[PDB]
Amino acid sequence: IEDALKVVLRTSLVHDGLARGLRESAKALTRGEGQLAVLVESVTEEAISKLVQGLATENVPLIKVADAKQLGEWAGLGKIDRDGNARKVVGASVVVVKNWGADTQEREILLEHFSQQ
RNA sequence: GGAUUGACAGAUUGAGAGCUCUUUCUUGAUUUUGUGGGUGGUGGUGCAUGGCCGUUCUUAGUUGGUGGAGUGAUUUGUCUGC
Ligand SMILES: [Mg+2]
Ligand SMILES: [Mg+2]
Ligand SMILES: [Mg+2]
Ligand SMILES: [Mg+2]
Ligand SMILES: [Mg+2]
């Protein structure tokens, strides 16, 4: 669901849980750190997503949200001083949640559903 | 899918300075390059200034209010004496 994802990105931006990028994400997944991972499939040459999946096999669950630019936009990378987007382009293309922070019921039901697959 | 940061070892250096290079590794939006602007300056101007001190001047010297003399600038009061 769309709500739980923004909730978890807020709970990990507040307590510094987002591994904003792929090297930090890879290091977190290699360690016992990365508790969640959202990545976009609209990536050229597709090897980064394959590497993310392989590191995920190894901290298991992953999400497959598209729209890398939008993913970064609602991932909190923007300073977003105004109400509207005040930056030309900003993206993440991989986001890893380390610290779960505050917990909401809808989000935990969603992650349990995604774990069940 | 890296604005950037930092560095072992060597060349380089006076340096055990990752200053610069060889290679690579680390770091995460604080930054980096341009514009405006701002700071810092035992930089200049004491002949732009303050404050302070020095000196004229260690002497006894100044000043204005009513009043008098001058058209007036000024003067008397601030003096002949002791
Ligand atoms: Mg100075
Ligand atoms: Mg002077
Ligand atoms: Mg005097
Ligand atoms: Mg008179
Ligand atoms: Mg007189």
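- In the PDB header, cryo-EM is given as the technique by which the entry was determined, and 3.45 Å as its resolution.

Observations regarding the protein's contact with RNA strand B
Okay, so step 1: Looking at RNA strand B, the residues that line it are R20, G21, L22, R23, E24, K27, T44, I48, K79, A92 and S93.
Okay, so step 2: For RNA strand B, the fraction of atoms within 4 Å of the protein that belong to sugar or phosphate moieties is 42%.
Okay, so step 3: Between a base oxygen of RNA strand B and a side-chain N or O atom of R23, the distance comes to 2.2 Å.
Okay, so step 4: Backbone polar atom of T44 to a base nitrogen of RNA strand B: 2.6 Å apart, as the coordinates give it.
Okay, so step 5: Here the surface near RNA strand B takes three residues from helix α2 (residues 23-30), the largest share from any one element.
Okay, so step 6: Its residues placed into classes, the surface near RNA strand B shows three nonpolar, three polar and five charged.

Re the environment of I48
Okay, so step 1: Locating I48 in the fold gives a position in helix α3 (residues 47-57).
Okay, so step 2: Take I48: its relative accessible area is 35%, and that puts it in the partly exposed class.
Okay, so step 3: Distance in space between the C-alpha atoms of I48 and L22 is 8.2 Å, their sequence separation being 26 residues.

Here we look at the layout of surface pockets
Okay, so step 1: Empty space within the largest pocket amounts to approximately 190 Å³.
Okay, so step 2: In terms of lining residues, the largest pocket is bounded by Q53, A56, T57, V60, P61, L62, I63, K64, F114, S115 and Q117.
Okay, so step 3: For the lining of the largest pocket, the element with the highest residue contribution is α3, accounting for three residues.
Okay, so step 4: Class assignment of the residues belonging to the lining of the largest pocket gives a composition of six nonpolar, four polar and one charged.

The rules we used
- Residues numbered from 1 in each chain as written, not as in the entry; some residues may be left out.
- Chains lettered and ligands numbered in written order.
- Part of a larger assembly, values for the part shown.
- Heavy atoms only, no water.
- Near = heavy atom within 4 Å.
- Polar contact = N/O pair within 3.5 Å; in protein donor to acceptor, adjacent residues only side chain to side chain.
- Helix = DSSP H or I, 4+ residues; strand = E, 2+ residues; numbered from the N terminus.
- Nonpolar A, V, L, I, M, F, W, Y, C, P; charged D, E, K, R; others polar.
- Buried < 20%, exposed > 50% of the residue type's maximum accessible area, 1.4 Å probe, protein only.
- 1 Å grid on protein atoms, 1.4 Å probe; cavity = no way out; pocket = protein on both sides within 12 Å on 5 of 7 lines; lining within 4 Å.
- Points joined across faces, edges and corners; volume = space filled by probe spheres on them.

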